[PDB]
Each structure stands twice: as C-alpha cells, then as structure tokens.
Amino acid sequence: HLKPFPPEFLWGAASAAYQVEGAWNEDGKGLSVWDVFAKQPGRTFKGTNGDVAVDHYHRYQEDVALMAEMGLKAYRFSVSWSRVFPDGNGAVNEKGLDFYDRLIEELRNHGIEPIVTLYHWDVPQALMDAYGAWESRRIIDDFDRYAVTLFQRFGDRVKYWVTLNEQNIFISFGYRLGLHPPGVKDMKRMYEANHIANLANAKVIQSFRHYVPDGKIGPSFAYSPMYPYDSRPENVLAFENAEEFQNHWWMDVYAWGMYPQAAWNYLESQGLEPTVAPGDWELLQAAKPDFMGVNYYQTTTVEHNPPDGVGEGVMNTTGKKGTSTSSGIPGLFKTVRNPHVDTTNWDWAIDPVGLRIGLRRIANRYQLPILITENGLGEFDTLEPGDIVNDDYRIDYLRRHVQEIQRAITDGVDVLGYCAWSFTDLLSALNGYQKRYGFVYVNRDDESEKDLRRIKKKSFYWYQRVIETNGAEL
C-alpha cells in the first residue's frame, strides 16, 4: 500500500541560465566566467557556447505557455548574476532584474510556482578578474549583496529558493579537474575555494531568514550515492571513504556545519585542508536549510584502490558508449562499472533504486526534507517527419525514478517535489546540444541554430498525465 504523493507535491522541471537563455550581451548583461571560458578553443564540445543557447531570453513567453499546457506545478530556473550586476558588485542593471520579473509574472499568471536558483556556475567575469571569484573571501559579501537584491525584489512572489547548484561540481571541476572556469588543477586551491563557497552559502541562508521569513531555502547537491563493489572488507572500506569524501564532505557541512573527521585528517595529512578563520564554524553551524536539494542522475560503485593506483580517468563527453574509465583517489577508492545496471550512451548508470537509496540515506543521516531539484535522461533524440519525437527511453527512465520516489515517501522520506531536467532541450556545458534532456525538443544542433522551434516530445504528454493524476498513473 504505497502512500500517495502529497497534495501540494511540487511537480516541476528545471533549467539554468547559461544553458538556456542566450542574449549573452543584451540589455546590459556583463560577461560571466562561462561566456569567456567557452570561447577558449578546446574547452567545450565542438566549441558550443551559450551566446544563443535555445534563446529562452527572447522566447520565454512561448516556453511558459508550453509549461502551462503541460500543467507544470513548479518551474526551477537560475538567475544570471551578470544580468543583475554586470561587473559583479557595482550598480544594479535594472533591465536584468526586469527580465526575471517578467518571467516570474508569466509563471504566476499561469499558476506555476517559481523555484529560483541563485547560482548556477556563472559568476561574473569581473569578480574573477578582481580577486579570483570563489577563491577569495570577498565573494561572501558580494554573493550576499546579489542574493539580498533578489530576495527583496522577488521574495513576495517566490517561496522556494536554491542557493548553490552543485557546489561539488563547479568547485571540483573548476579547481581540481580544470574542466570548468577558472580551469585550475590544484587540490589545495580546490578545498580553499570550497570552504569559501560553504561560508557564502551559510551567509545567504542567514540573510534569507531576515528578508524572506516565510520562504524555504536549501543548496542543491550533485548526489551520486556510493556502493561497494562487493562484501570484501577492503571494498566496503573503500565505500566508506568514497561516501564520506564525495558526499558527506558537502552534505555534512550543509546540514551540520561540520566537515567529516576522517576526510579532514586525510587532507590535513596532505597539507590540503582549508584555512579556517575565527567565526567560520559559528557561521556554518547557524545556517540550517529548510531542505536538502538533490540533483540525482546515477549511483557510483567503488572498490579498493592501492596507494599507487588510479587517479583521474577518462570522461565521456561525446556520447560514444563505453569510453569512460575508472577514476579515484590513490589509497582510498576508485570507481568500477556496476555490472548490475545499464548505462546511457554517456556511460551514466541507470539506477532508479539508487534514488530511493539516496533519499533514504539523507533522511536517515540528516532528518531533512528533500527537494529533488534535478533528475532526467540525457540521450540522442530523432526528429521524425511531422515533428514527432518518440523518446520512450526517456519516459522509461523518468517513470522508474518517479516510482522509486513514491517508495521512499512510503518509507517516510519527506520529499517536497520533483524537478525533471530539463523542460526544453538546452546546452550541456561540456557535451553540446545533442545530449538532450527536454520534454520539449528544440530544433537546433551543434552546427546550426536553425529556427529553434519548440516540438513537444512523447515524454511531454507522459509527464502531463503524471501531473494530472498527481503521480497515481505512471
């Protein structure tokens, strides 16, 4: 006897500003770090970038009309900081705020709840130039000024807010793997920038309690739950290390204001632990979120990794299956193909039960409500003549994950909503346009913008029926 989805369950879809808006230099918008980075040769798939993306900036009315047709209860989007402060921390660009005001008014006029993401990796380039952006404590008050600007302008109309989207990704990709701006490969700098982002997160949550006393706020963590390969004790210990280093390192700080101790000591032993200032722990412990935001796509299985073992592996950014290779931390753990699940063409594991496990782990460890801020299937789509897209593979993926959400709710996890990535097709920062996630196909590819026309996929009508039945009919 499964519990039903609660009556006000937030059935949503999501996007991010750099990935969907376009209009990169219009109406006073400044450069973001992604404007600059993506135009460096070799940084993005086929040199794709967000100059135009899918032009949501100009076409938001058509897109919101499609959301209304679907019956979306919630739409999660991010605000482009460089539209609001073109130089990051100077005078406000009113035309920038006005875009998001028009967007929010469009959502509310169709009965859709806005979910505002403050930060989706696009800090203005001017802050990188002035002081290195997230690597400097100066960003704490600059991010707070920006957050409070949005809180005051939109807090009367927006109840649900996300602070940092996938801090573990934009920090580790920007400072350990060098795949995001600023392109650094330095573990000491990574953990320093990470600590500053933790403090910025806490500061803005503190501010939120003053400026939006009846709102709900949380970070959105890129959560891949770890599995041991088998019951060999060394592999279970590898799993303990992996879960703590990859997941508790972030979520313990979000929930408890404390880093986990075994991980801290391993970094201390390598001279990698971040610099801690007086007041840091007090701020991190005082900023309790209303929920843990969860971006979930796949689990990760790990096994023992000797001290001279595997480090950085090969990442699949082309969609040729089976091209990724194991990665890990020497002495702690390394990843291994999970033989009991299938994978996508980008080698992401398809593990709906892993979402139930992840939701249970967060509830069991932190007792926090969860907002699923991202989940979806990135795959090639074929436009068939007559403007038909039969993405049964995407329906099957979403269906099985939504079913496991219902089992977690029945277990006692307080799930507040589910936001599918993505509403329309959009730019994947590192994979181009052909790794599509949308309910709505956009007619363009990596070589041509074509006409950017919106075409409803079969998954569009499937999710429409999920929402109409409140998830009773999947």
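Just count from 1 along the sequence shown to find any residue number.
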Per the record, averaged over C-alpha atoms, which has the higher B-factor: 96-104 or 385-393? 385-393
Compare the mean C-alpha B-factor of 365-373 with that of 326-334 as given in the PDB entry, and name the stretch with the higher value. 326-334
So if I compare the CA B-factors in the entry for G293, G88, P181, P306, which one is the largest? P306
Between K320, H195, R76, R176, which one tops the list for C-alpha B-factor in the PDB entry? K320
Where does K29 sit by CA temperature factor within its chain: lowest, middle or highest third? middle
Please place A277 in the lowest, middle or highest third of its chain according to the CA B-factor in the PDB entry. highest
Split the chain's modelled residues into thirds by Cα B-factor; is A349 in the lowest, middle or highest one? middle
Would you mind checking where the Cα B-factor of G358 ranks among the modelled residues of its chain, as the lowest, middle or highest third? middle
What third of the chain, by the recorded C-alpha B-factor, contains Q40? highest
